[PDB]
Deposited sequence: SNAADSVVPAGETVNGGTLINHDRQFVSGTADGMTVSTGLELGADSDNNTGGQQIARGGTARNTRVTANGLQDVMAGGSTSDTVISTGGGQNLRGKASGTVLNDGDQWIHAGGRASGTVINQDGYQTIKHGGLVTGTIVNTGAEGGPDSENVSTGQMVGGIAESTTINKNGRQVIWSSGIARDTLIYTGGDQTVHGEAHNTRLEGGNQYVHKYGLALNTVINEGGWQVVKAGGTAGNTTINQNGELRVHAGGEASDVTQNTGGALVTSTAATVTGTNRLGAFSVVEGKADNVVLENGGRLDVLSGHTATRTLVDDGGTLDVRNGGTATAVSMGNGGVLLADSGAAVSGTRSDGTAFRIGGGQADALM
């Protein structure tokens, strides 16, 4: 019902916005508490009230609470907005230091959010043409790898740059989205339907879904890059105690498999790269020179072949009915599983020969 304007060059300190009141900020508004403008929710066209930052205006230390809407127009700016309990920031200008404590931030085309902190139950949605940098993601993956929650955390339909994903943090990259230069700690995860470039798994997980593309993922201790059917990973580095898992119909090309790195796949996947014994490939049902250790595993399916597989400590070679593995080299701690109809031959730890055609060593 009531309406106020902060002209350019003027500054207003404090205040509360309730019952659909509106503050039109062309100057500076510091410490406003915004508790109206979003009563009907984000999917309604009939909301009224809230704080509007026009071109050249600025807001500082704003609190957005339940039903509160801070609307930042192109050319407007905010610093250190704290969003709690079902408030939201609609961003078409610039925001710095926004904290989401179960609040929403929507970044529209041309909007830019730097340093947003997504705390528990917070929700950052980046639309096509929107950009965020330096985001800290602390929520959305509380439920672990089995949780398909996408209602909290960071949803990327535009571009996210320099994101840190901490324990419990979840980033989802939709088909049109791009994440560049992401750091993912243990307990954090990133799901790729769009594109990811330069991702560091410092214990965290990256799931590459159908049509997703992950470029230059570095997998350090505890990290996990999973490539589903129809997903693609290019130029992955598997470091010690990291794992690359490529499902049937998934693709990983130009893999750098360093010593102690685990590769987990089957002969129905497509994998190429180099390991500590040179070039290796799993292509069109034929594996050559795969190195399995420290959790690595290769399933050789019916009609498929593997040659020159090194099964070293913590590696597992699993040859199904109708699969063939020749020149298998068994190291100490390596395991071979051969089902009934499997044909397997090689040499073991001892330099001694063996031939099959259930568990070995």
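Residues 1 to 2, 360 to 363 of the deposited sequence have no C-alpha coordinates in the structure.
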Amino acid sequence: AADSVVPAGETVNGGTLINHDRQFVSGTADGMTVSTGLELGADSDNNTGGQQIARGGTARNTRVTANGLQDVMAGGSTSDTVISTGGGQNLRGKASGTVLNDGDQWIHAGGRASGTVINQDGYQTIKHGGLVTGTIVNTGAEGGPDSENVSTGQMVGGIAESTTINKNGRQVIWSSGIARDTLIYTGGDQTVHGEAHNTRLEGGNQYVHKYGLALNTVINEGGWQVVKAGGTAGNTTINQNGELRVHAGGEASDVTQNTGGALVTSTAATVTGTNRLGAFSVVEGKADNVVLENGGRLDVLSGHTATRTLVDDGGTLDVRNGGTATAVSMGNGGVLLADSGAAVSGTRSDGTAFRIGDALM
From here on, numbers count along this sequence of modelled residues.
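Stretches 53 to 61 and 332 to 340 differ in mean CA B factor, with 332 to 340 having the higher one. As listed in the deposited structure, the average C-alpha B-factor of 40 to 48 and of 295 to 303 is greater for 40 to 48.
Sort the chain's modelled residues by C-alpha temperature factor and residue 69 lands in the lowest third, per the entry. Per the PDB record, residue ranking by Cα B-factor puts residue 287 in the middle third of the chain.
In the deposited entry, the Cα temperature factor of residue 97 places it in the middle third of its chain's modelled residues. The deposited CA B-factor of residue 194 belongs to the lowest third of values across its chain.
Compared with the other modelled residues of the chain, the Cα B-factor recorded for residue 260 ranks in the highest third.
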